[PDB]
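These notes concern the structure reproduced below.
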Amino acid sequence: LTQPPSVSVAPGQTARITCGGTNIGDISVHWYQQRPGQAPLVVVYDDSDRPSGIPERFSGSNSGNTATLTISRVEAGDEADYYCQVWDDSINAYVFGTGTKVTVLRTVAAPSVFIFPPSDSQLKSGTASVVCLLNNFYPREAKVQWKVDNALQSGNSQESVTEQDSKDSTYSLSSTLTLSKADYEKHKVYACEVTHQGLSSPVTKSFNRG
Amino acid sequence: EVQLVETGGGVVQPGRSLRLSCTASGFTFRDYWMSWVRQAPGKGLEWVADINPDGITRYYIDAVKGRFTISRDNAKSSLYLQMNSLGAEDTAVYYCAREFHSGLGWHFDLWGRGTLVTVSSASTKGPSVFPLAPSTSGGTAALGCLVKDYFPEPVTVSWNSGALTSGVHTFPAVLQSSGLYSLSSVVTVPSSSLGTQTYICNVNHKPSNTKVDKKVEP
Ligand SMILES: C[N+](C)(C)CCCC[C@H](N)C(=O)O
């Protein structure tokens, strides 16, 4: 069962999520919403019926080779993963679609950038993690470069990004530079340089050791 | 309260066995077909197996045939999944799910919260917790905790025992080349609060029974 990896929609507008299969219109299709860390929850079943408790703006259709989950009047809280599902009686197995992430569209928002030197307690353990935080931005795409005494770093940082916020539709992102304490104390200036659509030019956050 | 509760998840060495249990409450368990459904980290839902009310009929996906055995005890309102010869492809959150026979088909109308099964030779290890100290623009400051070098997933972080939730971002963990996990949790707060308000991150790593409270100050 083939679904688009991603669908984007503005608040109050209508999202349509497809579920493809050869003659899928001949069998019943059911739809689940899954929020991060949570179990899936059926939102449409038997092609177009709604479980009690589900808002009327969730509806479904199924015909030919395509089933469709429609979410009308989209809200920020509709950001989630959505899966279609059938029972395949030719192999006697439940089959899920590959899932669709719904992204809510909003205006561009520049990140608020913060840099964190390593703690003394970590340095005592012999390692230094330097953390750069990009807070509450949109869209998700951003570039973070690390510079140590103006020398560009590569291969020694990792990034993590939040799921889109269920209320304000922004993202946050961390980049963590990891050095040995021995290497860390050899340098003075630690800097995070951030590029994003909401910024006129790259923003740099830095500290001098001590 | 209508509920499914899965237990038995944890770390299992490759090639070894593990039995999952699912306890139902709030409904007539013997009236329902029951399934196990799994989800590998970051990937899609995959149905695994199911069993009818009197346990005469069981179905499995090809990938787990023979290796996995689904069973049930209606007296104990319980579902079980025996998993033998486990591989890395079996690493997943495993959900118990109830099957509903609708007018035109079959779907899942009740799920548990799931239990994580990590197939690895790696040892369980609690995290080290480090402050991300504040030191600020426009009236807002950021602070946080770095939760470093643990295995396996998951870790939970709260702030001020759950009293602080606004402006909290707890990032998805990253797997380091060392094979250990690390994550950070941050929060933005009024910068004027830094002198007076105490901020403590509460880190729980249940697999290692590690509980850490770290005060984060300027
Ligand atoms: C419940 N499960 C999804 C496993 C199968 C569905 C029932 C099969 C069908 N009623 C028949 O008698 O052929």
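Residues are named by chain letter and number: chains run A, B, ... in the order of the structure tokens, numbers start at 1 in each chain, and ligands are numbered from 1 in the order shown.
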
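The residues of segment 53-172 of chain A that DSSP assigns to alpha helix (DSSP H) on this backbone come out as residues 120, 121, 122, 123, 124 and 125 of chain A.
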
With a distance cut-off of 8 Å and only C-alpha atoms, select the neighbouring residues of segment 53-63 of chain B, excluding the residue or stretch itself and same-chain residues fewer than 6 positions from it, and output the selection as a PyMOL selection string. (chain A and resi 92-93) or (chain B and resi 30-34+47+70-72)

For the contact check between chain B and ligand 1, emit one row per residue of chain B within 7 Å, containing the shortest atom pair and the distance in Å rounded to one decimal, counting only C-alpha atoms and all ligand atoms, chain then rising number order, as JSON lines.
{"residue": "B:33", "atom": "CA", "partner": "ligand 1", "partner_atom_place_in_ligand_line": "1 (C)", "distance": 6.2}
{"residue": "B:50", "atom": "CA", "partner": "ligand 1", "partner_atom_place_in_ligand_line": "4 (C)", "distance": 6.7}
{"residue": "B:52", "atom": "CA", "partner": "ligand 1", "partner_atom_place_in_ligand_line": "1 (C)", "distance": 6.9}
{"residue": "B:106", "atom": "CA", "partner": "ligand 1", "partner_atom_place_in_ligand_line": "3 (C)", "distance": 5.8}

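Proximity of B:167, B:154, B:112, B:15 to residue 38 of chain A, computed with only C-alpha atoms, is greatest for B:112.
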
Please provide as a ChimeraX atom specification all residues within 7 Å of segment 187-204 of chain B, with the sequence filter that same-chain residues fewer than 3 positions apart are discarded (counting only C-alpha atoms). /B:136,139-145,155-161,167-169,210-216

Would you put the residues from that selection into a file with N, CA and C atoms, as a PDB file, in the first residue's frame?
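Okay, this is what ended up in again.pdb:
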ATOM      1  N   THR B 136      21.071  34.533  25.907  1.00  0.00           N
ATOM      2  CA  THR B 136      20.133  35.456  26.551  1.00  0.00           C
ATOM      3  C   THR B 136      19.989  36.742  25.743  1.00  0.00           C
ATOM      4  N   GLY B 139      14.828  39.262  26.322  1.00  0.00           N
ATOM      5  CA  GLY B 139      14.056  38.910  27.509  1.00  0.00           C
ATOM      6  C   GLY B 139      13.926  37.413  27.774  1.00  0.00           C
ATOM      7  N   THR B 140      14.557  36.609  26.929  1.00  0.00           N
ATOM      8  CA  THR B 140      14.414  35.157  27.014  1.00  0.00           C
ATOM      9  C   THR B 140      15.771  34.486  27.209  1.00  0.00           C
ATOM     10  N   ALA B 141      15.821  33.515  28.116  1.00  0.00           N
ATOM     11  CA  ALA B 141      17.022  32.700  28.281  1.00  0.00           C
ATOM     12  C   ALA B 141      16.738  31.233  27.998  1.00  0.00           C
ATOM     13  N   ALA B 142      17.771  30.512  27.579  1.00  0.00           N
ATOM     14  CA  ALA B 142      17.644  29.083  27.356  1.00  0.00           C
ATOM     15  C   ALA B 142      18.550  28.335  28.326  1.00  0.00           C
ATOM     16  N   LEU B 143      18.073  27.199  28.824  1.00  0.00           N
ATOM     17  CA  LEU B 143      18.888  26.337  29.669  1.00  0.00           C
ATOM     18  C   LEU B 143      18.497  24.903  29.373  1.00  0.00           C
ATOM     19  N   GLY B 144      19.223  23.934  29.908  1.00  0.00           N
ATOM     20  CA  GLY B 144      18.896  22.555  29.583  1.00  0.00           C
ATOM     21  C   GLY B 144      19.718  21.520  30.322  1.00  0.00           C
ATOM     22  N   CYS B 145      19.574  20.273  29.899  1.00  0.00           N
ATOM     23  CA  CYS B 145      20.370  19.172  30.414  1.00  0.00           C
ATOM     24  C   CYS B 145      20.815  18.300  29.258  1.00  0.00           C
ATOM     25  N   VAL B 155      14.870   7.206  27.381  1.00  0.00           N
ATOM     26  CA  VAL B 155      15.055   8.039  28.559  1.00  0.00           C
ATOM     27  C   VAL B 155      13.876   8.996  28.588  1.00  0.00           C
ATOM     28  N   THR B 156      13.377   9.348  29.768  1.00  0.00           N
ATOM     29  CA  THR B 156      12.416  10.449  29.842  1.00  0.00           C
ATOM     30  C   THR B 156      12.997  11.605  30.659  1.00  0.00           C
ATOM     31  N   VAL B 157      12.711  12.831  30.243  1.00  0.00           N
ATOM     32  CA  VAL B 157      13.169  13.998  30.980  1.00  0.00           C
ATOM     33  C   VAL B 157      11.956  14.846  31.292  1.00  0.00           C
ATOM     34  N   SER B 158      11.839  15.285  32.540  1.00  0.00           N
ATOM     35  CA  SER B 158      10.835  16.278  32.905  1.00  0.00           C
ATOM     36  C   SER B 158      11.556  17.456  33.507  1.00  0.00           C
ATOM     37  N   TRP B 159      10.856  18.569  33.696  1.00  0.00           N
ATOM     38  CA  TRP B 159      11.464  19.719  34.353  1.00  0.00           C
ATOM     39  C   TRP B 159      10.661  20.109  35.583  1.00  0.00           C
ATOM     40  N   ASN B 160      11.363  20.353  36.686  1.00  0.00           N
ATOM     41  CA  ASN B 160      10.704  20.666  37.943  1.00  0.00           C
ATOM     42  C   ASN B 160       9.597  19.668  38.256  1.00  0.00           C
ATOM     43  N   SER B 161       9.931  18.388  38.111  1.00  0.00           N
ATOM     44  CA  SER B 161       9.049  17.269  38.431  1.00  0.00           C
ATOM     45  C   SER B 161       7.758  17.282  37.623  1.00  0.00           C
ATOM     46  N   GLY B 167       7.549  25.697  26.687  1.00  0.00           N
ATOM     47  CA  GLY B 167       8.859  26.032  26.144  1.00  0.00           C
ATOM     48  C   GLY B 167       9.905  24.937  26.260  1.00  0.00           C
ATOM     49  N   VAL B 168       9.487  23.746  26.682  1.00  0.00           N
ATOM     50  CA  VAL B 168      10.397  22.604  26.790  1.00  0.00           C
ATOM     51  C   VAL B 168      10.541  21.877  25.453  1.00  0.00           C
ATOM     52  N   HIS B 169      11.779  21.645  25.031  1.00  0.00           N
ATOM     53  CA  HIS B 169      12.035  20.791  23.885  1.00  0.00           C
ATOM     54  C   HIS B 169      12.994  19.680  24.263  1.00  0.00           C
ATOM     55  N   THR B 210      18.035   4.163  36.596  1.00  0.00           N
ATOM     56  CA  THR B 210      18.758   5.395  36.897  1.00  0.00           C
ATOM     57  C   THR B 210      17.779   6.550  36.993  1.00  0.00           C
ATOM     58  N   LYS B 211      17.754   7.213  38.143  1.00  0.00           N
ATOM     59  CA  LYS B 211      17.005   8.456  38.296  1.00  0.00           C
ATOM     60  C   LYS B 211      17.970   9.553  38.721  1.00  0.00           C
ATOM     61  N   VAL B 212      18.002  10.637  37.959  1.00  0.00           N
ATOM     62  CA  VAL B 212      18.917  11.733  38.243  1.00  0.00           C
ATOM     63  C   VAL B 212      18.166  13.056  38.250  1.00  0.00           C
ATOM     64  N   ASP B 213      18.375  13.858  39.282  1.00  0.00           N
ATOM     65  CA  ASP B 213      17.840  15.210  39.291  1.00  0.00           C
ATOM     66  C   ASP B 213      19.026  16.160  39.233  1.00  0.00           C
ATOM     67  N   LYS B 214      19.061  17.012  38.219  1.00  0.00           N
ATOM     68  CA  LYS B 214      20.188  17.928  38.077  1.00  0.00           C
ATOM     69  C   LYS B 214      19.686  19.369  38.138  1.00  0.00           C
ATOM     70  N   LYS B 215      20.160  20.123  39.125  1.00  0.00           N
ATOM     71  CA  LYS B 215      19.840  21.539  39.200  1.00  0.00           C
ATOM     72  C   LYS B 215      20.673  22.274  38.153  1.00  0.00           C
ATOM     73  N   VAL B 216      20.025  23.139  37.387  1.00  0.00           N
ATOM     74  CA  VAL B 216      20.691  23.895  36.336  1.00  0.00           C
ATOM     75  C   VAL B 216      20.680  25.363  36.696  1.00  0.00           C
TER      76      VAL B 216
END

Can you write out as a Markdown table which residues of chain A fall within 6 Å of chain B, alongside each residue's closest atom pair and its distance in Å to one decimal, counting only C-alpha atoms and ordering rows by chain and ascending residue number?
| residue | atom | partner | partner_atom | distance |
| --- | --- | --- | --- | --- |
| A:28 | CA | B:105 | CA | 5.9 |
| A:39 | CA | B:113 | CA | 5.8 |
| A:46 | CA | B:104 | CA | 5.7 |
| A:94 | CA | B:47 | CA | 6.0 |
| A:98 | CA | B:44 | CA | 5.9 |
| A:116 | CA | B:132 | CA | 5.9 |
| A:162 | CA | B:171 | CA | 5.6 |

Long-range neighbours of residue 174 of chain A as a PyMOL selection string, 6 Å cut-off, only C-alpha atoms, 6 positions minimum in chain: chain A and resi 132-133+159-160

To test your reading of the structure, identify every residue in segment 11-194 of chain A that backbone DSSP assigns to strand (DSSP E), and report it as a PyMOL selection string. chain A and resi 15-20+30-34+41-44+58-63+66-71+80-88+93-96+100-104+112-116+127-137+143-148+151-152+157-161+171-180+189-194

Name the closest residue to residue 85 of chain A among the candidates A:43, A:104, A:203, A:15; distances are taken between atoms, counting only C-alpha atoms. A:43

Env of residue 1 of chain A: 6 Å cut, atoms = only C-alpha atoms, seq-sep filter 3 positions within chain, self excluded. Answer as a PDB file with N, CA, C and O atoms, in the first residue's frame.
ATOM      1  N   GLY A  20      -2.470   3.844  -2.162  1.00  0.00           N
ATOM      2  CA  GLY A  20      -2.572   3.200  -3.460  1.00  0.00           C
ATOM      3  C   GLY A  20      -2.441   1.698  -3.409  1.00  0.00           C
ATOM      4  O   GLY A  20      -1.618   1.163  -2.664  1.00  0.00           O
ATOM      5  N   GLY A  21      -3.253   1.020  -4.217  1.00  0.00           N
ATOM      6  CA  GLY A  21      -3.212  -0.426  -4.327  1.00  0.00           C
ATOM      7  C   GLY A  21      -4.067  -0.915  -5.487  1.00  0.00           C
ATOM      8  O   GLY A  21      -5.131  -0.358  -5.756  1.00  0.00           O
ATOM      9  N   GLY A  97      -0.114   0.736   5.030  1.00  0.00           N
ATOM     10  CA  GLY A  97       0.593   1.578   4.087  1.00  0.00           C
ATOM     11  C   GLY A  97       1.905   2.057   4.685  1.00  0.00           C
ATOM     12  O   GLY A  97       2.200   1.827   5.859  1.00  0.00           O
TER      13      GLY A  97
END

Please provide as a PyMOL selection string all residues within 10 Å of residue 70 of chain A, with the sequence filter that same-chain residues fewer than 2 positions apart are discarded (counting only C-alpha atoms). chain A and resi 14-18+44+48+57-61+67-68+72-74

Using Å and a single decimal, report how far atom CA of residue 147 of chain A sits from atom CA of residue 189 of chain A. 8.0 Å

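For the atom pair formed by atom CA of residue 118 of chain A and atom CA of residue 153 of chain B, the distance is 23.7 Å, given to one decimal.
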
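We find atom CA of residue 82 of chain B and atom CA of residue 8 of chain B to be spaced 10.4 Å apart.
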
Please provide the set of residues having any atom within 8 Å of segment 195-197 of chain A, restricted to only C-alpha atoms, with same-chain residues fewer than 2 positions apart removed, written as number ranges by chain. A: 108, 110-111, 139, 141-144, 193, 199-203
